[PDB]
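Data block below; observations after.
We use all heavy atoms of the structure for the numbers below, so side chains are in, but hydrogens, waters and symmetry mates are not. Whatever order the structure lists them in is the order used to number ligands and atoms, beginning at 1. Chain A is the first sequence line, chain B the second, and so forth, proteins listed ahead of strands; every chain is numbered from 1.
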Amino acid sequence: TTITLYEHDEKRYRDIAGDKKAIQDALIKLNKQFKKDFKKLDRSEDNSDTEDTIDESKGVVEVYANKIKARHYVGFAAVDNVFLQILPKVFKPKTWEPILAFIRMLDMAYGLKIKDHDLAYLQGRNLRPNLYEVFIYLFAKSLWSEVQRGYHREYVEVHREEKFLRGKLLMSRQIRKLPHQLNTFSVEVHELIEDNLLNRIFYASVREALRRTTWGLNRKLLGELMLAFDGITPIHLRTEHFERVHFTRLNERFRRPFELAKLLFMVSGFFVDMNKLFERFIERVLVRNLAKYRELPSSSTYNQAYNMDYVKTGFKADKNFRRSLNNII
Amino acid sequence: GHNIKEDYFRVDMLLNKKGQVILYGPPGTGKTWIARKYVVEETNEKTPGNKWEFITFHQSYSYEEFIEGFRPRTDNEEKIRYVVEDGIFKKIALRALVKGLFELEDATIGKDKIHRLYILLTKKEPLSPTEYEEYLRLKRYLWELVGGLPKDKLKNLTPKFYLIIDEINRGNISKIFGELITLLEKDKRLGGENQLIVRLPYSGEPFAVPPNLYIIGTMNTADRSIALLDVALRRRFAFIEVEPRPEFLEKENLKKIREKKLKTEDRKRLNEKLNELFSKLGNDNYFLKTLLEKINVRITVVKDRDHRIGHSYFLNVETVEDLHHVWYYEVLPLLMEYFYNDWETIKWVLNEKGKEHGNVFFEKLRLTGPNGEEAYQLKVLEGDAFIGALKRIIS
Amino acid sequence: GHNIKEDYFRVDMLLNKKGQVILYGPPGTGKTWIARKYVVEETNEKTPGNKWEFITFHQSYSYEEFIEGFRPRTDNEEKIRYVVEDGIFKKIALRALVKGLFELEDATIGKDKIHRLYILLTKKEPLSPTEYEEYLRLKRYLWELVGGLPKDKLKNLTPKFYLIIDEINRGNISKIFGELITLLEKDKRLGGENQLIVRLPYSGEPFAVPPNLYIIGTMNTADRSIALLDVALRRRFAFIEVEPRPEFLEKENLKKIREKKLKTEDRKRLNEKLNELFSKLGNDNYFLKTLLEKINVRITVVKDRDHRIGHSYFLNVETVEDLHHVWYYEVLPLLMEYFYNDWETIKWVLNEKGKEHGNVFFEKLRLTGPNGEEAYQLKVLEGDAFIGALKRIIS
Amino acid sequence: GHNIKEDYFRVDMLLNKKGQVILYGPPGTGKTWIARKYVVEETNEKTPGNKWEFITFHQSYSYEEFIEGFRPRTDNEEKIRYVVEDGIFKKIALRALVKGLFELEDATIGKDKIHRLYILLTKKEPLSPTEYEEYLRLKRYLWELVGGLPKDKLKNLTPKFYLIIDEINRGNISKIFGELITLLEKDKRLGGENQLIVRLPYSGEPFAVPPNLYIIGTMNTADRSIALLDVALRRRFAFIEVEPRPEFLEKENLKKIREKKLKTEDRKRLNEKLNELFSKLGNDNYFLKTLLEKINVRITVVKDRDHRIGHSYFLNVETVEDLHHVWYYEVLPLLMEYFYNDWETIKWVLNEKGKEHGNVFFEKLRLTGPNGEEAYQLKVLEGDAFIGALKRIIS
Amino acid sequence: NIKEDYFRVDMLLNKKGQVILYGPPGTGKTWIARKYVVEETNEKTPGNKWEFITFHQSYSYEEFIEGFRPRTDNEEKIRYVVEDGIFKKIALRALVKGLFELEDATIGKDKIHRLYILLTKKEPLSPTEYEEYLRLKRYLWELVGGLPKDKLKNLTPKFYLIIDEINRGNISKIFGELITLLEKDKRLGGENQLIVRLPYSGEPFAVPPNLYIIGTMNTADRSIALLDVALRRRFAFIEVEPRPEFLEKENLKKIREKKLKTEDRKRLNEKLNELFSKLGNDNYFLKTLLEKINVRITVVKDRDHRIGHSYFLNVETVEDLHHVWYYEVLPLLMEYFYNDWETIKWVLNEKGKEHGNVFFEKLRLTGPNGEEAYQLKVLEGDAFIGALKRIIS
Ligand SMILES: Nc1nc2c(ncn2[C@@H]2O[C@H](COP(=O)(O)OP(=O)(O)OP(O)(O)=S)[C@@H](O)[C@H]2O)c(=O)[nH]1
Ligand SMILES: Nc1nc2c(ncn2[C@@H]2O[C@H](COP(=O)(O)OP(=O)(O)OP(O)(O)=S)[C@@H](O)[C@H]2O)c(=O)[nH]1
Ligand SMILES: Nc1nc2c(ncn2[C@@H]2O[C@H](COP(=O)(O)OP(=O)(O)OP(O)(O)=S)[C@@H](O)[C@H]2O)c(=O)[nH]1
Ligand SMILES: Nc1nc2c(ncn2[C@@H]2O[C@H](COP(=O)(O)OP(=O)(O)O)[C@@H](O)[C@H]2O)c(=O)[nH]1
Ligand SMILES: [Mg+2]
Ligand SMILES: [Mg+2]
Ligand SMILES: [Mg+2]
Ligand SMILES: [Mg+2]
């Protein structure tokens, strides 16, 4: 059951065509999982203090016996056949325009490099509006564009007993061989291997993505990524795995799929507070045109003190702020 | 035999243009069979070794087994020695050049040295150290003669030689084709307009591909991603798509293939079984044609065209239990492999998407997990249940 | 012309200014062709072995077969003998240096020892163990000879030597060029402003690159995994871009390229074949020019500029059936590797976006998936339907 | 304060403080140049040999070619000996110690045994077998003498020896510097307060670095895949940053750098070549100074500080055509690999970001993609249009 | 804490048999390892009662315990003998010398002394002496195997093996049987004494209690971090932390006046009186410089990447302090936080200070996506000392 919510919207269980309890206790195991991961989640005067506040069904959503009221935490959530997404109510209309505004919000504020032509490709594909399947697509398209541009291979120094002399003959190991051991060479080789730790992360991210994706567009994109990572060893994606990748000239072109693979993989789903999503927004806005999130710098749209207009639903919004910058400066 | 003499014609015309072709397509389309039958037709030799060779690339296959490498050999007193053994491409490229230098009626080719080099290239036991040094000496004479020989005679090397590289995408082709990225191109061969003689690292010897050597590769395009080939290496080969041909799976076309190699008293005994098989399929002579076309279009929509099911599995089907074998051991494991056990996608390919717990190929388990997970299980249907489920795919 | 003289002139100018160039670009743009054409015209030698060498880098090139390394050799008095053998670069650099000391007029230079070292460097046989010790002796004589030579003498070494390294990015270049990242700089060569002589690890011998030696690399840019991203190694080379030139595929430019190898009446055979070819393309002499330039700028937008189709795909066509085989077996399978299962983009490259049926290269399959996904079937066009679908691309 | 005065003083002061120094920075800033200028001026030796050695690290140096390893040693064709041979560091650390023991007036130092060990260490040919065990006999005597010799006599060895390790981060230094992580510190050397004499694994011999042997390393900071992350190994070395100095590209600085090594009449043609260069740049004497420092401050912002363009790219520029060839075949190819298909960054480093057409290096293609993707095209500007676009980067 | 850290290595060597000194680079791990052993053995040079080796990744089992080695002596064939590694050569030296002062009547001291001078030969062994050395090795362990456990528990001379940079080698590959053998109860004469036979020779081998191992280990390299928990049980792990209190003016005086002449001290005391006067007459300037940077490194990184006090230990003038800062410390911090300018300015306490007398001057140009970069500013004189006073305040 896919739940599409804005912040502080309430839809009852009778409103969503699903089950009366399977929609409940799925995300109950997520907002308690959000209570477990609450200390690493960043807040900027959001006034939560959830040491025991989120334990009383007050995590990313309110689990009432009648309805589900959403909170300021925006993002997607996939648990136990129940998909949930919470969007900013700034972008709430009077069906794809609110989601891509939320993509381009955390593209230019959270520091990602989400291309606009990849978001323009999803429009007109008559798909269902889904935060998870958009980020599954953006990970899988950026990974498939990179693997097509070149398969990631690393050089590793291997000391092998080889039946053909490849690379550098290890002389002190070959000299100290008894004469019944002279049917192989002790060599040092620097070989282009494909089973890297970066490719093992990308393989286990494509495996976890087909386990939960529902678009045929993403499934076809991830299936050809699955055949690309065929000879790669399957791993389990720990947080220990994602820190052993260090980005140099060899693999910095695989950084855009990696920051998307880290955003999805590490009950799972990304959530940022919209209070601090607006904090990191305007500090990247005030510095190139030259923070309370309630209705009453604040946000201004067709549904919603310097007001910030939103033409980002589909860069001339900051030109209207010059009339506000003429008084502020 | 009208359709075999045009797939021969695609291979024959493009081998004259590019020097080397790749037959690509899904597994089971007859790519290894077309490549082998073209070469036994062109080179009138049923066995590899003289004017053609058969090699299969695998993940562990290397440049050193293909071109040359330092290799531990033994003496005639079986003491170990490290020599540079020529690989299978270099042994047949030198064979194609030296046999091509036989028929050249030139007054500068030392035919006694060239025929002795041919014997050491066609010797199949490993060379004695007293004839390995003769083999290095005659190769040293060969590239001395070839380098001072004009393109008018080097481009007309008459006996064509062939190298079938089966499963060529299963190896790291750029690593295995070390100098062969440059050398295989038709301009870069001997007698070519931009003829290139390379120096090989291990032996230190000159090397070039002769023009009468041809390489037919076969690529199963569902066993390795075709978007992982090198674009520059792709420029060397003509790429011939060998697609599944379910028109071979009609009753008259099944008879026209299986009666080219067996006797007449076995022919109509095979024909009465094919008439017995197709009678149980609703007396539809185009049943296996329609069954393979319907699942391959359904595969092409939700997967690649490269992951289609080939026609060669159903080609030796003459009973219902032969069709029951091919479906449950060549089709259904192959569909589960291609779709990574996505039961909802396979059941749409098998035209049974909103249909479980019945006469289906994938029954749903009645138990659900704690996370709401549903599992599907392959159901073996026999008799009228199997034929009625194959008719559900067509309908 | 820009290729008749000027692309030759870019190689000659940047090879004297820098000492080594790398010709980079898409596949089939003429990087290997102009590297071979320049060096054969400079050395006046069609074949390598003397005054120039041709090698191709790959993943089983090492430092040990390029510069020097312990390689096992076998004799009759001794079974296994590990010997530091100089690689192909140390052979071509010492050959350039020793031949450069032939024509120097110093009385310090012992001409008999230098001429004996040239015989052991240009020896086609492997070195005898009594000659390898003479070879090690004459090398250590030379490296104390050129160490006491004036750098005004050492820099004007007269006969230029050329190492063409095709597919230079297919090897681990910094691993292959071990001491050569230092030594290949133009003023760090012999007689340079800051002349450097390294110590080699295996032989323990001094080594320097002469100014007599030039490297012409040809690297491929379509594969980004083997992209030359070593910023310090890039400083040693001049990077000449060899772009796809669609203006070679004009009718008046096609014949004057293709008739330089044709002598008396095969030029007339080529002329009326190109007359027949371009009459069937609507009398557009710039048809194949417009076909390449419209496809390549469409490839440049949705994929990189390094994935452009080189002009060598279409440079050998003479009929509309040669264009048909280049299209359906070389060009269109390459675009299907580029835009793999990405049908809306490859139809935009072929200027048929939104045209689902008709005389189109990719016909839409009538079946849609369960999630609404869609596939396109490759339609093989022929005749004016093929030429009319090619006119849709160019306009 | 230029290199020969101030950066010479920096290398000299930190070598006496640390024993070993790494010159780091972007490529082409003069790290190998000032390592070679320092050591040639210190030793009064243009060529490596006795008092200094030049080596270049790569991944095919191991512990065995640097310190010690097992090697074949053939006295004759029949007899082969498998001995431990000293690597290039151990050959020069024992050379620095034995020559340092020439000039001590101590009574316990047997001078004829020390002088005989110096002949066996500086012998150009490989040693005879009857003198190889003499070389091992005297090395065992040397570590019984050293080791019993007081620390005040041992710490001032007067001939300073130098090992320039070019490209020091290109080798696995912790693998190559086995036992040299400990011994290279200035107080852990011979005569130091914490003097350590390690035991070597292959030979079993005692070993210690003498105080009069110095190491100068160069490394480019741009390649971070070989960045020196071993911060314990960083403690041994003083790290001198050799930054790009665009002030060398001022017209009077560019003159007197290249007026250093020319002939009599060959330096009155270079300054008038440099007159017409800067007259065509608009009489801005700081044109290439401001061109480099504006590009380097822009690369610092978007890429990093360590990927700045070194001044050696523009240091041999004498004409505008020389500047055009440096721009279009060295700089802008390198800049297109920094920001590969990141077109808004590469046009920001040239500050042509809003400039989509006209006299720009990257003109926008008029065609946009099917989803709005946009590409650019490299435009080769010539004449004053090249200078006017290059003067735009300044302004 | 030079006597206490001496007593701490002493108490934990006599408790475990082997110790690893671990910590950041430049803390004195190799120094206190050598200083302990040249004072216990009273030998300045290794070779007799102690050995100094350094592990690296080219170090193996065959050069540490035993391995096959070709040996063509002068004319004869290439015999393939089992060459003893440095641990076996020091364990047999520790045992045989220990048995030479043992008073058991079953110990034949003529064969023990003959085995001792064959273990202390600097020259390689003769092929006839190699068979004699193998006979005495078989005599030794059939004598050791028959000796009582109370006599083998107290063998007289202590032997020491200093393994510098022990984590740079593959220790479990290098310590083949020594994972089992080096445990204190499984040492020779121990309560669970175990004599294991060796693979390449078929010869028994235990570790005597005379032997002590002192490892030094850099902990700032996590790629060679010693994570074998079973191997950690063999060793006591002594942390040698950075000591900024060594960089106080009177502690920098007392450290540097021990290896110096009596009338060479006034060339040092007048140099340190002139150093710390230029630091504002603060005797604890370099102390609180190191401890404030090392606290700030501990926050934004690990504690194992702290600056060692050996960087500033030889600082005598403010130009020596300038050369330690700009060629050792600032290249180290620029590698700790590579293109992390807000972290490296926070460690140097210059977070908001973009321009002025700072080590990192801000670049006036901003990128298209708001990128900001910094240039290294080389300060001189009191502008350099004033910028170091900001990190201590
Ligand atoms: N006359 C002429 N022929 C050319 C030119 N460019 C390419 N060709 C022809 O096309 C063929 C292919 O060129 P080639 O040099 O091999 O491409 P490439 O740059 O090496 O492409 P790659 O796949 O190896 S990476 C050559 O044999 C040559 O005959 C040209 O500019 N002039
Ligand atoms: N006169 C003079 N010449 C210089 C100076 N810096 C560089 N050069 C010239 O530029 C060339 C490049 O200098 P080099 O020492 O090789 O730079 P590098 O830092 O080592 O470059 P790298 O790629 O190997 S990492 C030198 O050969 C030298 O001729 C300098 O400061 N003064
Ligand atoms: N007097 C005195 N000197 C010390 C002390 N600690 C370190 N030093 C000096 O600093 C130098 C470096 O110490 P060292 O032992 O090599 O550090 P380390 O811990 O081994 O550093 P690394 O090898 O991991 S990089 C030594 O030579 C020693 O002289 C100390 O506590 N007292
Ligand atoms: N007679 C005949 N046999 C075929 C044909 N196609 C396939 N086969 C047979 O099918 C079997 C397996 O086909 P194979 O070539 O190995 O499949 P592929 O290599 O994956 O394309 C072979 O033994 C062939 O004899 C055909 O067109 N005619
Ligand atoms: Mg096959
Ligand atoms: Mg080529
Ligand atoms: Mg350098
Ligand atoms: Mg240490």
Side-chain angles (χ1 to χ4, degrees), chain B residues 181-183 185-188 192-196 230-236, chain C residues 1 3 7-8 23-37 56 164 166-167 169-170 218-223 242 244-245 247-248 253-254 256-258 260 310-316, chain D residues 181-182 184-189 192-196 230-236, chain E residues 1-2 5 21-35 54 164-165 167-168 216-221 240-243 246 251-252 255-259 308-314:
Chain B
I181 312 287
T182 305
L183 289 176
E185 200 194 359
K186 200 57 206 171
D187 291 331
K188 312 303 172 73
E193 293 86 3
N194 312 306
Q195 162 189 323
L196 277 168
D230 296 322
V231 172
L233 174 56
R234 193 173 189 94
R235 199 181 70 83
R236 272 86 189 154
Chain C
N3 199 47
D7 199 3
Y8 189 101
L23 303 149
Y24 71 103
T29 55
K31 313 179 282 291
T32 313
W33 173 83
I34 197 59
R36 186 210 163 274
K37 190 205 181 42
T56 303
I164 311 175
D166 210 51
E167 313 287 343
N169 59 324
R170 289 195 187 276
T218 82
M219 88 169 262
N220 205 243
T221 60
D223 205 345
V242 194
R245 314 260 293 276
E247 57 265 20
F248 292 152
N253 293 338
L254 266 186
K256 81 158 57 65
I257 280 183
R258 290 279 315 277
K260 74 191 177 299
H311 52 273
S312 79
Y313 279 89
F314 304 92
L315 194 60
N316 289 293
Chain D
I181 319 293
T182 304
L184 269 190
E185 210 187 3
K186 192 90 177 202
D187 42 0
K188 307 284 166 40
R189 287 193 189 188
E193 316 175 9
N194 321 293
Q195 162 192 302
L196 281 169
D230 202 296
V231 306
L233 178 68
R234 295 191 65 91
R235 200 183 65 85
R236 275 87 195 145
Chain E
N1 214 308
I2 308 299
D5 197 16
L21 301 151
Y22 74 100
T27 50
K29 298 177 291 293
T30 314
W31 171 82
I32 201 56
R34 176 210 185 274
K35 199 214 173 189
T54 306
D164 208 47
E165 311 283 345
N167 62 332
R168 298 197 180 270
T216 80
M217 158 165 87
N218 168 37
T219 55
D221 195 352
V240 186
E241 298 198 359
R243 318 278 312 277
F246 288 165
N251 298 339
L252 209 60
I255 274 172
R256 300 179 47 78
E257 62 170 358
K258 299 296 183 289
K259 296 291 181 69
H309 50 92
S310 83
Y311 288 83
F312 309 98
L313 195 67
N314 306 314

* Structure fact -> One finds that the ligand 1 atoms under 4.0 Å from a non-hydrogen atom of C/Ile257 are 1 (N)
* Asked: So, the side chain of C/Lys260 versus the backbone of C/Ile257: is there a donor-acceptor pair under 3.5 Å, distance only?
  -> yes
* Atom CG of E/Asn1 and atom CZ of E/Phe246: how far apart are they, to the nearest 0.5 Å? -> 7.0 Å
* Below 3.5 angstrom, do we get any N/O pair linking C/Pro27 and ligand 1? -> no
* Is D/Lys188 reaching over with its side chain to a backbone N or O of E/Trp31, donor-acceptor style, under 3.5 angstrom? -> no
* Residues two or more places apart in sequence or in another chain: which of them pass side chain to side chain contact (heavy atoms under 4.5 Å, CB included) with E/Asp221? -> D/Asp230, E/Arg168, E/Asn218, E/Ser223, E/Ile224
* With heavy atoms under 4.0 Å as the rule, classify the contact between E/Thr27 and ligand 3 as side chain, backbone, both or neither. => both
* Might you point out which heavy atoms bring C/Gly310 and C/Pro244 nearest each other, and give the distance in Å? => CA-CB, 4.0 Å
* Contact check: C/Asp166 vs ligand 1, nitrogen or oxygen atoms, below 3.5 angstrom -> no
* Asked: Which of the numbered atoms in ligand 3 are below 4.0 angstrom from a heavy atom of D/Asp187?
  -> 11 (C), 26 (C), 27 (O), 28 (C), 29 (O)
* Asked: Any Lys/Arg nitrogen of E/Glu165 or D/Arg236 sitting under 4.0 Å from an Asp/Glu carboxylate oxygen of the other?
  -> yes
* Structure fact -> One finds that the ligand 1 atoms under 4.0 Å from a non-hydrogen atom of C/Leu315 are 3 (N), 4 (C), 8 (N), 9 (C)
* Atoms of ligand 1 less than 4.0 Å from C/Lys260 heavy atoms? -> 1 (N)
* Could you tell me whether D/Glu185 and D/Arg235 make a salt bridge, using a distance below 4.0 angstrom between a side-chain N and a carboxylate O? => yes
* **Close-contact set for ligand 1 against B/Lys188 heavy atoms, below 4.0 Å** => 14 (P), 15 (O), 16 (O), 27 (O)
* To do: Can you check the number of protein N/O/S atoms within less than 2.8 Å of the Mg ion (ligand 6)?
  => 1
* **Location of contacts on D/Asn194 toward ligand 3, heavy atoms closer than 4.0 Å** => side chain
* To do: Keeping the roles fixed (side chain from C/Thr218, backbone from C/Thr32), state whether a donor-acceptor pair exists under 3.5 Å.
  => no
* Asked: Which atoms form the tightest heavy-atom contact between C/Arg245 and C/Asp7, and what is the distance?
  -> NH1-OD2, 4.2 Å
* Asked: When rounded to the nearest 0.5 angstrom, what is the spacing between CG in E/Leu313 and CG in E/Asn251?
  -> 10.5 Å
* Structure fact -> Near C/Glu167 (heavy-atom distance under 4.0 Å), the atoms of ligand 1 are 24 (O)
* Taking all non-hydrogen atoms of both residues, which atom of E/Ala33 and which atom of E/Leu21 are closest, and how far apart? -> CB-CD1, 3.9 Å
* To do: Heavy-atom contacts with C/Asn3 under 4.0 Å: which atoms of ligand 1 show up? List them by number with element.
  => 30 (C), 31 (O), 32 (N)
* Only heavy atoms count here, so choose which of D/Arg236, E/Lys259, E/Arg243, D/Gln195 is nearest to atom 23 (O) of ligand 3. => D/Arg236
* To do: State the OG1-CG distance between D/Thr182 and D/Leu196, to the nearest 0.5 angstrom.
  => 7.0 Å
* Asked: Is there a donor-acceptor contact under 3.5 Å from the side chain of B/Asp187 to the main chain of B/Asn194?
  -> no
* Considering all heavy atoms, the nearest C/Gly30-C/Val242 contact -> C-CG1, 4.2 Å
* Structure fact -> Counting from 1 in the order shown, the ligand 3 atoms closer than 4.0 Å to a non-hydrogen atom of D/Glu185 are 11 (C), 12 (C), 16 (O), 27 (O)
* Asked: Considering only heavy atoms, which of C/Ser312, C/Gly28, C/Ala35, C/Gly1 lies nearest to atom 21 (O) of ligand 1?
  -> C/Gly28
* Out of C/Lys31, C/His311, B/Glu193, whose heavy atom sits nearest atom 6 (N) of ligand 1? -> C/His311
* For ligand 3, indicate whether the residue E/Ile2 contacts it via side chain, backbone, both or neither (heavy-atom separation under 4.0 Å). => side chain
* Structure fact -> Under 4.0 Å from one or more heavy atoms of C/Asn220, ligand 1 contributes atoms 25 (S)
